[PDB]
Amino acid sequence: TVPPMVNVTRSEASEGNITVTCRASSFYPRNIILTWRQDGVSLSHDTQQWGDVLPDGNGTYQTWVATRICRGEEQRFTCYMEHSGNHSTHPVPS
Amino acid sequence: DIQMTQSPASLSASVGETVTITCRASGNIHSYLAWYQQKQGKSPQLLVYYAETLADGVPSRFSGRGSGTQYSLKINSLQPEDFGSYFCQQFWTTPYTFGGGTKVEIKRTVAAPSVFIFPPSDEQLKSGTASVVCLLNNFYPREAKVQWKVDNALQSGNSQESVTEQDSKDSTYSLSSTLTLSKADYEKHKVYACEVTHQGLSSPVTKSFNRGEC
Amino acid sequence: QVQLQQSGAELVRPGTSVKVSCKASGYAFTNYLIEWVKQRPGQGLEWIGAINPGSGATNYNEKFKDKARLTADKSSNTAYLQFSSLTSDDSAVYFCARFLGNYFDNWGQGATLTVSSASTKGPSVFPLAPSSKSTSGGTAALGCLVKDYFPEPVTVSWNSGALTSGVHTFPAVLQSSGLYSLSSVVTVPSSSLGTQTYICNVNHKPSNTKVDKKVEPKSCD
Ligand SMILES: [Zn+2]
């Protein structure tokens with residue numbers, strides 16, 4: 001088992017709305033949960049977009065999840081990662 | 001790991017005064033900081049989150065400010081219910097880390113202790129141990145030194161003390177120190193003394209008794 | 001409405017294991033992460049870890065990875081913190097809390113954990129008699145030494161609650177024996193010592209002990 005490296009990035013403000021992307025990388029096995037929370041609670045999957053869990057060419061995997069958030073509300077959001085019975089949480093930077 | 005440096009560790013203020021507590025983070029925590037109040041080690045109560053957002057029910061005299069690595073909690077017009085402890089916590093990275101805390105105590109005028117000394121009772125001496133008690137009553141500030149002497153020899157490592165929290169009436173402290181020795185050894189020495197040093201005293205005060213004296 | 005109710009005080013032996021609880025109510029238990037925090041007087045607040053009660057997945061502080069085990073029973077809305085190989089370093093107050101949007105709220109009342117090999121023992125109560133060396137002006141100090149008991153706490157009152165002003169009951173000190181000792185004192189007028197009776201009432205509920213010790217001047221006085 002290799003634990004994921006989790007990283008949160010944010011795009012520029014489109015129309016007062018930021019896109020936040022939570023990336024998990026360099027993990028094994030392939031089974032992972034990666035999802036956005038607001039005010040400590042998981043969002044609906046219909047408010048998010050997920051990449052596939054793809055190889056990185058080193059015997060490990062990588063994936064991502066994104067959601068759109070209104071400007072000034074970024075501190076309410078947390079990326080939740082779960083892998084092999086472990087979890088980690090990651091707030092929105094800047 | 002983010003280290004949170006909270007200052008000052010203790011703070012003396014009066015009702016009506018404005019006080020400021022600072023927390024400095026070792027790296028950028030992106031305003032993911034909360035302030036909590038704690039009275040007598042009880043359940044922490046949320047005051048401020050996201051560095052500056054005041055929590056529900058919290059009086060508007062509480063004010064959180066900061067960004068990057070520099071954060072402060074200001075209490076304008078300090079009220080009787082605000083005396084207690086305060087701490088900051090960061091939520092930028094795990095493990096979550098806390099400031100060392102700030103104890104906010106009631107300021108008052110300097111008051112010297114009244115010193116009292118108690119020999120071991122005859123009842124206790126039947127058990128084979130002797131406890132000599134020194135009481136430093138109703139003093140301020142908290143900082144005080146008790147020095148035990150037996151036949152004018154300074155003692156070390158055979159006493160323990162405890163201090164009350166600030167009194168509700170007069171905002172002073174009291175201190176109890178217990179010198180412990182065997183009954184056998186107690187009955188080999190004569191003069192038992194408690195030398196007290198405190199900034200309110202003009203010079204250190206000694207309270208003593210002779211074993212067997214009325 | 002939201003409430004995290006923890007289990008009571010724990011008195012446990014070194015080398016053994018103990019499991020303390022945090023019962024959640026007033027919200028959907030599986031939606032929020034539960035947090036655990038350790039507090040001692042000497043070395044401040046420390047985060048132990050978090051658990052997702054929906055999946056049981058854990059996020060540990062590396063310092064508690066060998067010491068602590070976090071579990072959750074979603075059928076009873078209860079989270080648990082288990083310690084293995086208990087030592088005196090584990091003696092602390094432990095809090096549970098709730099993870100909101102990147103801050104903690106709804107802290108539990110706390111549970112005290114005291115690690116000790118001591119057995120339950122009632123206090124001996126000795127009078128701290130007034131004398132010339134416990135007088136200050138027209139005031140005389142007197143008291144009671146409540147010695148060699150386990151566990152905490154002890155309550156002290158004076159004249160069955162009729163005497164409260166000037167009373168100072170100090171925090172207990174832990175002696176090298178493993179037993180506690182505390183003192184309770186009161187300042188009264190020196191001229192009242194001939195007429196007024198002074199009795200300390202010591203209650204130690206853990207050992208089913210109740211002592212009423214009259215405190216009076218020495219026979220020579
Ligand atoms: Zn769907």
# chains A, B, ... in the order shown; residues from 1 in each chain; ligands from 1
>>> interface_residues(of="chain A", to="chain C", cutoff="7 Å", atoms="only C-alpha atoms", output="PyMOL selection string")
chain A and resi 38-41+76-78+82+85-88+91
>>> write_last_selection(atoms="N, CA and C atoms", output="CSV table (one decimal), in the first residue's frame")
chain,number,residue,atom,x,y,z
A,38,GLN,N,-18.8,20.7,1.9
A,38,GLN,CA,-19.1,22.1,2.2
A,38,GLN,C,-19.7,22.1,3.6
A,39,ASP,N,-19.1,23.0,4.4
A,39,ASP,CA,-19.5,23.1,5.9
A,39,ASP,C,-19.4,21.8,6.6
A,40,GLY,N,-18.3,21.0,6.2
A,40,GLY,CA,-18.1,19.7,6.8
A,40,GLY,C,-18.8,18.5,6.3
A,41,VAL,N,-19.7,18.7,5.3
A,41,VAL,CA,-20.6,17.7,4.8
A,41,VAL,C,-20.4,17.5,3.3
A,76,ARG,N,-15.3,27.6,3.3
A,76,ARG,CA,-16.3,26.6,3.7
A,76,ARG,C,-16.1,25.2,3.1
A,77,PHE,N,-15.2,25.1,2.1
A,77,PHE,CA,-15.0,23.8,1.3
A,77,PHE,C,-13.7,23.0,1.8
A,78,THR,N,-13.9,21.7,1.8
A,78,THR,CA,-12.8,20.8,2.2
A,78,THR,C,-12.8,19.6,1.2
A,82,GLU,N,-10.3,9.3,1.0
A,82,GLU,CA,-10.2,8.1,1.7
A,82,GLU,C,-9.6,7.0,0.9
A,85,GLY,N,-8.7,2.6,4.3
A,85,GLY,CA,-9.1,2.8,5.6
A,85,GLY,C,-8.5,4.0,6.3
A,86,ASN,N,-7.7,4.8,5.5
A,86,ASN,CA,-7.2,6.1,6.0
A,86,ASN,C,-8.0,7.2,5.3
A,87,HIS,N,-8.1,8.4,6.0
A,87,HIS,CA,-8.6,9.6,5.4
A,87,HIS,C,-7.7,10.8,5.6
A,88,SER,N,-7.9,11.8,4.8
A,88,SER,CA,-7.3,13.1,4.9
A,88,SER,C,-8.2,14.2,4.4
A,91,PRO,N,-8.3,21.9,2.9
A,91,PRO,CA,-9.1,23.1,2.6
A,91,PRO,C,-8.6,23.8,1.3
>>> closest_atom_pairs(of="chain A", to="ligand 1", cutoff="10 Å", atoms="only C-alpha atoms and all ligand atoms", output="tab-separated table")
residue	atom	partner	partner_atom_place_in_ligand_line	distance
A:44	CA	ligand 1	1 (Zn)	8.7
A:45	CA	ligand 1	1 (Zn)	6.4
A:46	CA	ligand 1	1 (Zn)	6.1
A:47	CA	ligand 1	1 (Zn)	9.9
>>> residues_around(residues="residue 92 in chain A", least_positions_apart="4", cutoff="10 Å", atoms="only C-alpha atoms", output="PDB file with N, CA, C and O atoms, in the first residue's frame")
ATOM      1  N   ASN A   7      -3.426  17.178  -3.286  1.00  0.00           N
ATOM      2  CA  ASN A   7      -3.111  18.583  -3.557  1.00  0.00           C
ATOM      3  C   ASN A   7      -4.351  19.306  -4.087  1.00  0.00           C
ATOM      4  O   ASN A   7      -5.032  18.790  -4.978  1.00  0.00           O
ATOM      5  N   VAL A   8      -4.638  20.484  -3.529  1.00  0.00           N
ATOM      6  CA  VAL A   8      -5.770  21.312  -3.952  1.00  0.00           C
ATOM      7  C   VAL A   8      -5.255  22.546  -4.689  1.00  0.00           C
ATOM      8  O   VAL A   8      -4.363  23.238  -4.199  1.00  0.00           O
ATOM      9  N   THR A   9      -5.832  22.811  -5.862  1.00  0.00           N
ATOM     10  CA  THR A   9      -5.540  24.011  -6.649  1.00  0.00           C
ATOM     11  C   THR A   9      -6.837  24.725  -7.009  1.00  0.00           C
ATOM     12  O   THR A   9      -7.918  24.138  -6.957  1.00  0.00           O
ATOM     13  N   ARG A  10      -6.712  25.997  -7.378  1.00  0.00           N
ATOM     14  CA  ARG A  10      -7.860  26.836  -7.719  1.00  0.00           C
ATOM     15  C   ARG A  10      -7.598  27.615  -9.002  1.00  0.00           C
ATOM     16  O   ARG A  10      -6.484  28.092  -9.227  1.00  0.00           O
ATOM     17  N   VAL A  20     -12.373  24.702  -8.026  1.00  0.00           N
ATOM     18  CA  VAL A  20     -11.366  24.060  -7.171  1.00  0.00           C
ATOM     19  C   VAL A  20     -11.193  22.611  -7.610  1.00  0.00           C
ATOM     20  O   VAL A  20     -12.176  21.914  -7.856  1.00  0.00           O
ATOM     21  N   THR A  21      -9.937  22.181  -7.725  1.00  0.00           N
ATOM     22  CA  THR A  21      -9.588  20.836  -8.166  1.00  0.00           C
ATOM     23  C   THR A  21      -8.740  20.174  -7.090  1.00  0.00           C
ATOM     24  O   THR A  21      -7.699  20.710  -6.701  1.00  0.00           O
ATOM     25  N   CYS A  22      -9.196  19.017  -6.613  1.00  0.00           N
ATOM     26  CA  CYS A  22      -8.469  18.221  -5.634  1.00  0.00           C
ATOM     27  C   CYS A  22      -7.873  17.011  -6.336  1.00  0.00           C
ATOM     28  O   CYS A  22      -8.613  16.184  -6.861  1.00  0.00           O
ATOM     29  N   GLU A  73     -16.697  32.398  -0.662  1.00  0.00           N
ATOM     30  CA  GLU A  73     -17.185  31.234   0.084  1.00  0.00           C
ATOM     31  C   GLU A  73     -16.185  30.074   0.097  1.00  0.00           C
ATOM     32  O   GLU A  73     -16.556  28.954   0.453  1.00  0.00           O
ATOM     33  N   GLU A  74     -14.926  30.342  -0.258  1.00  0.00           N
ATOM     34  CA  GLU A  74     -13.916  29.283  -0.444  1.00  0.00           C
ATOM     35  C   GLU A  74     -13.536  28.544   0.841  1.00  0.00           C
ATOM     36  O   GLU A  74     -13.260  27.347   0.804  1.00  0.00           O
ATOM     37  N   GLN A  75     -13.532  29.252   1.969  1.00  0.00           N
ATOM     38  CA  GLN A  75     -13.139  28.654   3.252  1.00  0.00           C
ATOM     39  C   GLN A  75     -14.133  27.643   3.831  1.00  0.00           C
ATOM     40  O   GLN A  75     -13.799  26.924   4.769  1.00  0.00           O
ATOM     41  N   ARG A  76     -15.337  27.583   3.267  1.00  0.00           N
ATOM     42  CA  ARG A  76     -16.332  26.580   3.650  1.00  0.00           C
ATOM     43  C   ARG A  76     -16.088  25.181   3.058  1.00  0.00           C
ATOM     44  O   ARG A  76     -16.726  24.223   3.494  1.00  0.00           O
ATOM     45  N   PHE A  77     -15.170  25.058   2.094  1.00  0.00           N
ATOM     46  CA  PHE A  77     -14.972  23.812   1.347  1.00  0.00           C
ATOM     47  C   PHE A  77     -13.720  23.035   1.760  1.00  0.00           C
ATOM     48  O   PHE A  77     -12.662  23.619   2.034  1.00  0.00           O
ATOM     49  N   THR A  78     -13.864  21.711   1.785  1.00  0.00           N
ATOM     50  CA  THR A  78     -12.806  20.788   2.181  1.00  0.00           C
ATOM     51  C   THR A  78     -12.824  19.590   1.236  1.00  0.00           C
ATOM     52  O   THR A  78     -13.874  18.975   1.056  1.00  0.00           O
ATOM     53  N   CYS A  79     -11.678  19.260   0.640  1.00  0.00           N
ATOM     54  CA  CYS A  79     -11.548  18.001  -0.101  1.00  0.00           C
ATOM     55  C   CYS A  79     -11.374  16.862   0.896  1.00  0.00           C
ATOM     56  O   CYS A  79     -10.535  16.952   1.789  1.00  0.00           O
TER      57      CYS A  79
ATOM     58  N   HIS B  30      -3.499  30.583   5.633  1.00  0.00           N
ATOM     59  CA  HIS B  30      -4.594  31.017   4.756  1.00  0.00           C
ATOM     60  C   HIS B  30      -5.893  31.324   5.512  1.00  0.00           C
ATOM     61  O   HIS B  30      -6.990  30.934   5.086  1.00  0.00           O
ATOM     62  N   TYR B  32      -7.214  30.043   8.047  1.00  0.00           N
ATOM     63  CA  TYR B  32      -7.925  28.903   8.629  1.00  0.00           C
ATOM     64  C   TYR B  32      -7.512  28.822  10.083  1.00  0.00           C
ATOM     65  O   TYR B  32      -6.715  27.969  10.476  1.00  0.00           O
ATOM     66  N   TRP B  92      -5.320  24.493   8.582  1.00  0.00           N
ATOM     67  CA  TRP B  92      -4.746  24.529   7.245  1.00  0.00           C
ATOM     68  C   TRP B  92      -4.151  23.164   6.884  1.00  0.00           C
ATOM     69  O   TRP B  92      -4.403  22.651   5.794  1.00  0.00           O
TER      70      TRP B  92
ATOM     71  N   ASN C 102     -13.909  23.421   8.082  1.00  0.00           N
ATOM     72  CA  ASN C 102     -12.530  23.841   8.403  1.00  0.00           C
ATOM     73  C   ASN C 102     -12.393  24.611   9.728  1.00  0.00           C
ATOM     74  O   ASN C 102     -11.661  25.598   9.823  1.00  0.00           O
TER      75      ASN C 102
END
>>> closest_residue(among="C:68, C:172, C:140, C:154", to="residue 191 in chain C", atoms="only C-alpha atoms")
C:140
>>> interface_residues(of="chain B", to="chain A", cutoff="12 Å", atoms="only C-alpha atoms", output="PyMOL selection string")
chain B and resi 28-33+49-53+67-68+90-96
>>> atom_distance(atom1="CA of residue 36 in chain B", atom2="CA of residue 78 in chain C")
24.5 Å
>>> atom_distance(atom1="CA of residue 80 in chain B", atom2="CA of residue 163 in chain B")
21.1 Å
>>> atom_distance(atom1="CA of residue 131 in chain B", atom2="CA of residue 208 in chain C")
24.6 Å
>>> residues_around(residues="range 139-152 of chain B", least_positions_apart="5", cutoff="7 Å", atoms="only C-alpha atoms", output="VMD selection string")
chain B and resid 110 to 113 172 to 174 189 to 198
>>> write_last_selection(atoms="N, CA and C atoms", output="short mmCIF file (atom, residue, chain, number, x, y, z; two decimals), in the first residue's frame")
data_model
loop_
_atom_site.label_atom_id
_atom_site.label_comp_id
_atom_site.auth_asym_id
_atom_site.auth_seq_id
_atom_site.Cartn_x
_atom_site.Cartn_y
_atom_site.Cartn_z
N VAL B 110 -1.56 45.40 44.38
CA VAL B 110 -0.67 44.47 45.05
C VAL B 110 -1.15 44.29 46.50
N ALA B 111 -1.23 43.05 46.95
CA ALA B 111 -1.65 42.72 48.31
C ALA B 111 -0.70 41.68 48.89
N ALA B 112 -0.06 42.01 50.00
CA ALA B 112 0.84 41.08 50.67
C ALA B 112 0.04 39.95 51.31
N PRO B 113 0.62 38.74 51.38
CA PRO B 113 -0.07 37.66 52.08
C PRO B 113 -0.01 37.83 53.59
N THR B 172 -7.91 37.88 44.89
CA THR B 172 -6.60 37.46 45.40
C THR B 172 -6.42 35.96 45.29
N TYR B 173 -5.18 35.54 45.52
CA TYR B 173 -4.80 34.14 45.59
C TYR B 173 -4.51 33.78 47.03
N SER B 174 -4.62 32.50 47.33
CA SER B 174 -4.10 31.94 48.57
C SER B 174 -3.28 30.71 48.23
N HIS B 189 14.01 17.74 65.92
CA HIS B 189 14.27 19.16 65.66
C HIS B 189 13.29 20.02 66.43
N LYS B 190 13.64 21.30 66.60
CA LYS B 190 12.90 22.23 67.46
C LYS B 190 12.17 23.32 66.67
N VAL B 191 12.91 24.06 65.84
CA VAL B 191 12.39 25.27 65.19
C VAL B 191 11.93 24.97 63.77
N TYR B 192 10.65 25.23 63.52
CA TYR B 192 10.03 25.01 62.21
C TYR B 192 9.54 26.35 61.70
N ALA B 193 10.03 26.75 60.53
CA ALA B 193 9.79 28.10 60.01
C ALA B 193 9.40 28.08 58.54
N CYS B 194 8.52 29.02 58.18
CA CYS B 194 8.07 29.24 56.83
C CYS B 194 8.46 30.66 56.45
N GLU B 195 9.46 30.81 55.58
CA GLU B 195 9.88 32.12 55.08
C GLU B 195 9.22 32.43 53.74
N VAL B 196 8.44 33.51 53.71
CA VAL B 196 7.65 33.90 52.54
C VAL B 196 8.23 35.15 51.89
N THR B 197 8.46 35.09 50.58
CA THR B 197 8.88 36.24 49.78
C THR B 197 7.76 36.62 48.81
N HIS B 198 7.43 37.91 48.78
CA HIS B 198 6.36 38.43 47.93
C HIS B 198 6.54 39.93 47.74
#
>>> closest_atom_pairs(of="chain C", to="chain B", cutoff="7 Å", atoms="only C-alpha atoms", output="JSON lines")
{"residue": "C:44", "atom": "CA", "partner": "B:100", "partner_atom": "CA", "distance": 5.8}
{"residue": "C:45", "atom": "CA", "partner": "B:98", "partner_atom": "CA", "distance": 6.2}
{"residue": "C:46", "atom": "CA", "partner": "B:97", "partner_atom": "CA", "distance": 6.7}
{"residue": "C:47", "atom": "CA", "partner": "B:96", "partner_atom": "CA", "distance": 5.9}
{"residue": "C:61", "atom": "CA", "partner": "B:95", "partner_atom": "CA", "distance": 5.4}
{"residue": "C:102", "atom": "CA", "partner": "B:91", "partner_atom": "CA", "distance": 5.9}
{"residue": "C:103", "atom": "CA", "partner": "B:91", "partner_atom": "CA", "distance": 6.3}
{"residue": "C:105", "atom": "CA", "partner": "B:46", "partner_atom": "CA", "distance": 6.4}
{"residue": "C:107", "atom": "CA", "partner": "B:43", "partner_atom": "CA", "distance": 6.0}
{"residue": "C:108", "atom": "CA", "partner": "B:43", "partner_atom": "CA", "distance": 6.2}
{"residue": "C:109", "atom": "CA", "partner": "B:43", "partner_atom": "CA", "distance": 4.9}
{"residue": "C:110", "atom": "CA", "partner": "B:43", "partner_atom": "CA", "distance": 6.4}
{"residue": "C:126", "atom": "CA", "partner": "B:124", "partner_atom": "CA", "distance": 6.3}
{"residue": "C:127", "atom": "CA", "partner": "B:121", "partner_atom": "CA", "distance": 6.4}
{"residue": "C:128", "atom": "CA", "partner": "B:118", "partner_atom": "CA", "distance": 6.0}
{"residue": "C:129", "atom": "CA", "partner": "B:118", "partner_atom": "CA", "distance": 6.9}
{"residue": "C:133", "atom": "CA", "partner": "B:117", "partner_atom": "CA", "distance": 5.9}
{"residue": "C:134", "atom": "CA", "partner": "B:116", "partner_atom": "CA", "distance": 4.4}
{"residue": "C:135", "atom": "CA", "partner": "B:116", "partner_atom": "CA", "distance": 6.8}
{"residue": "C:136", "atom": "CA", "partner": "B:114", "partner_atom": "CA", "distance": 6.8}
{"residue": "C:141", "atom": "CA", "partner": "B:116", "partner_atom": "CA", "distance": 6.9}
{"residue": "C:170", "atom": "CA", "partner": "B:164", "partner_atom": "CA", "distance": 5.6}
{"residue": "C:171", "atom": "CA", "partner": "B:162", "partner_atom": "CA", "distance": 5.9}
{"residue": "C:173", "atom": "CA", "partner": "B:162", "partner_atom": "CA", "distance": 6.9}
{"residue": "C:220", "atom": "CA", "partner": "B:214", "partner_atom": "CA", "distance": 6.0}
{"residue": "C:221", "atom": "CA", "partner": "B:214", "partner_atom": "CA", "distance": 6.6}
>>> write_last_selection(atoms="C-alpha atoms", output="CSV table (one decimal), in the first residue's frame")
chain,number,residue,atom,x,y,z
C,44,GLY,CA,-1.1,22.3,26.2
C,45,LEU,CA,-3.6,21.0,23.6
C,46,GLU,CA,-2.8,18.2,21.2
C,47,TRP,CA,-4.9,16.8,18.3
C,61,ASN,CA,-1.6,12.5,14.4
C,102,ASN,CA,-12.5,23.8,8.4
C,103,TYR,CA,-12.9,24.5,12.1
C,105,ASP,CA,-17.4,23.2,17.0
C,107,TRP,CA,-16.8,20.2,21.8
C,108,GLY,CA,-17.8,17.5,24.3
C,109,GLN,CA,-17.7,18.2,28.1
C,110,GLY,CA,-14.4,16.3,28.4
C,126,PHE,CA,-6.4,16.1,61.1
C,127,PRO,CA,-7.2,19.5,62.7
C,128,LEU,CA,-5.1,22.6,61.9
C,129,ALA,CA,-5.5,24.2,65.3
C,133,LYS,CA,1.5,31.5,65.2
C,134,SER,CA,-1.7,31.4,63.2
C,135,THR,CA,-3.0,34.8,64.3
C,136,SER,CA,-2.9,38.0,62.2
C,141,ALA,CA,-6.6,31.0,60.9
C,170,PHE,CA,-7.0,24.2,48.0
C,171,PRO,CA,-6.4,21.9,45.0
C,173,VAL,CA,-1.4,17.5,45.6
C,220,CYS,CA,-2.5,25.1,76.9
C,221,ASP,CA,-4.0,28.3,75.3
>>> select_by_dssp(residues="chain A", states="helix (DSSP H, G or I)", output="PyMOL selection string")
chain A and resi 45-47+74-76
>>> write_last_selection(atoms="N, CA, C and O atoms", output="PDB file, in the first residue's frame")
ATOM      1  N   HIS A  45     -22.803  14.403  -5.788  1.00  0.00           N
ATOM      2  CA  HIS A  45     -21.957  14.097  -6.963  1.00  0.00           C
ATOM      3  C   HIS A  45     -22.342  14.889  -8.222  1.00  0.00           C
ATOM      4  O   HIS A  45     -21.489  15.130  -9.079  1.00  0.00           O
ATOM      5  N   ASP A  46     -23.609  15.296  -8.322  1.00  0.00           N
ATOM      6  CA  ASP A  46     -24.075  16.133  -9.437  1.00  0.00           C
ATOM      7  C   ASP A  46     -23.514  17.565  -9.440  1.00  0.00           C
ATOM      8  O   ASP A  46     -23.585  18.241 -10.466  1.00  0.00           O
ATOM      9  N   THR A  47     -22.973  18.023  -8.307  1.00  0.00           N
ATOM     10  CA  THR A  47     -22.262  19.307  -8.237  1.00  0.00           C
ATOM     11  C   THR A  47     -20.740  19.171  -8.433  1.00  0.00           C
ATOM     12  O   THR A  47     -20.010  20.145  -8.232  1.00  0.00           O
ATOM     13  N   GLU A  74     -14.926  30.342  -0.258  1.00  0.00           N
ATOM     14  CA  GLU A  74     -13.916  29.283  -0.444  1.00  0.00           C
ATOM     15  C   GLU A  74     -13.536  28.544   0.841  1.00  0.00           C
ATOM     16  O   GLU A  74     -13.260  27.347   0.804  1.00  0.00           O
ATOM     17  N   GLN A  75     -13.532  29.252   1.969  1.00  0.00           N
ATOM     18  CA  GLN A  75     -13.139  28.654   3.252  1.00  0.00           C
ATOM     19  C   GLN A  75     -14.133  27.643   3.831  1.00  0.00           C
ATOM     20  O   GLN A  75     -13.799  26.924   4.769  1.00  0.00           O
ATOM     21  N   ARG A  76     -15.337  27.583   3.267  1.00  0.00           N
ATOM     22  CA  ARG A  76     -16.332  26.580   3.650  1.00  0.00           C
ATOM     23  C   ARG A  76     -16.088  25.181   3.058  1.00  0.00           C
ATOM     24  O   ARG A  76     -16.726  24.223   3.494  1.00  0.00           O
TER      25      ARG A  76
END
>>> select_by_dssp(residues="chain C", states="strand (DSSP E)", output="number ranges by chain")
C: 3-6, 10-12, 18-25, 34-40, 44-51, 58-60, 68-73, 78-83, 92-99, 104-105, 111-115, 124-128, 135-136, 139-149, 155-158, 167-169, 173-174, 180-189, 199-204, 209-214
>>> residues_around(residues="residue 196 in chain C", least_positions_apart="2", cutoff="12 Å", atoms="only C-alpha atoms", output="PyMOL selection string")
chain C and resi 159+163+188-194+198-199+214-217
>>> residues_around(residues="residue 33 in chain A", least_positions_apart="3", cutoff="10 Å", atoms="only C-alpha atoms", output="PyMOL selection string")
chain A and resi 24+30+63-65+80-84+87
>>> closest_residue(among="B:104, B:25, B:11, B:58", to="residue 83 in chain B", atoms="only C-alpha atoms")
B:104
>>> residues_around(residues="residue 19 in chain A", least_positions_apart="6", cutoff="10 Å", atoms="only C-alpha atoms", output="list in words")
residues 9, 10, 11, 12, 13, 66, 67, 68, 69, 70, 71 and 74 of chain A
>>> write_last_selection(atoms="N, CA, C and O atoms", output="short mmCIF file (atom, residue, chain, number, x, y, z; two decimals), in the first residue's frame")
data_model
loop_
_atom_site.label_atom_id
_atom_site.label_comp_id
_atom_site.auth_asym_id
_atom_site.auth_seq_id
_atom_site.Cartn_x
_atom_site.Cartn_y
_atom_site.Cartn_z
N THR A 9 -5.83 22.81 -5.86
CA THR A 9 -5.54 24.01 -6.65
C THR A 9 -6.84 24.73 -7.01
O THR A 9 -7.92 24.14 -6.96
N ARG A 10 -6.71 26.00 -7.38
CA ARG A 10 -7.86 26.84 -7.72
C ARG A 10 -7.60 27.62 -9.00
O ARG A 10 -6.48 28.09 -9.23
N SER A 11 -8.63 27.73 -9.84
CA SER A 11 -8.56 28.48 -11.09
C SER A 11 -8.83 29.96 -10.84
O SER A 11 -9.16 30.36 -9.72
N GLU A 12 -8.70 30.77 -11.90
CA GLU A 12 -9.04 32.19 -11.84
C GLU A 12 -10.56 32.38 -11.78
O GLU A 12 -11.32 31.49 -12.20
N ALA A 13 -10.99 33.53 -11.27
CA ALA A 13 -12.41 33.85 -11.12
C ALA A 13 -13.05 34.13 -12.48
O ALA A 13 -12.75 35.14 -13.12
N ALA A 66 -13.37 17.90 -9.02
CA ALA A 66 -13.54 19.35 -9.09
C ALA A 66 -14.97 19.77 -8.76
O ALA A 66 -15.91 19.01 -8.96
N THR A 67 -15.11 20.99 -8.25
CA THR A 67 -16.41 21.61 -8.03
C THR A 67 -16.30 23.14 -8.17
O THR A 67 -15.21 23.70 -8.00
N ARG A 68 -17.41 23.78 -8.51
CA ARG A 68 -17.48 25.23 -8.68
C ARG A 68 -17.98 25.88 -7.39
O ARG A 68 -18.91 25.37 -6.77
N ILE A 69 -17.35 26.98 -6.99
CA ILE A 69 -17.71 27.69 -5.75
C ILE A 69 -17.76 29.20 -5.96
O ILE A 69 -16.94 29.76 -6.69
N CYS A 70 -18.73 29.86 -5.33
CA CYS A 70 -18.90 31.31 -5.45
C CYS A 70 -17.76 32.03 -4.74
O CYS A 70 -17.30 31.59 -3.69
N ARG A 71 -17.31 33.14 -5.33
CA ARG A 71 -16.25 33.96 -4.74
C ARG A 71 -16.66 34.44 -3.34
O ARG A 71 -17.81 34.80 -3.11
N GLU A 74 -14.93 30.34 -0.26
CA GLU A 74 -13.92 29.28 -0.44
C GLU A 74 -13.54 28.54 0.84
O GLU A 74 -13.26 27.35 0.80
#
>>> decode(residues="range 10-25 of chain A", atoms="C-alpha atoms", output="short mmCIF file (atom, residue, chain, number, x, y, z; two decimals), in the first residue's frame")
data_model
loop_
_atom_site.label_atom_id
_atom_site.label_comp_id
_atom_site.auth_asym_id
_atom_site.auth_seq_id
_atom_site.Cartn_x
_atom_site.Cartn_y
_atom_site.Cartn_z
CA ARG A 10 -7.86 26.84 -7.72
CA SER A 11 -8.56 28.48 -11.09
CA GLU A 12 -9.04 32.19 -11.84
CA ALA A 13 -12.41 33.85 -11.12
CA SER A 14 -14.58 33.32 -14.23
CA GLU A 15 -17.82 35.20 -13.39
CA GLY A 16 -17.34 35.48 -9.63
CA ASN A 17 -17.04 31.66 -9.51
CA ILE A 18 -13.88 29.67 -8.74
CA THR A 19 -13.19 26.09 -9.86
CA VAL A 20 -11.37 24.06 -7.17
CA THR A 21 -9.59 20.84 -8.17
CA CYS A 22 -8.47 18.22 -5.63
CA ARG A 23 -5.84 15.84 -7.04
CA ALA A 24 -4.76 12.51 -5.52
CA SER A 25 -1.54 11.00 -6.96
#
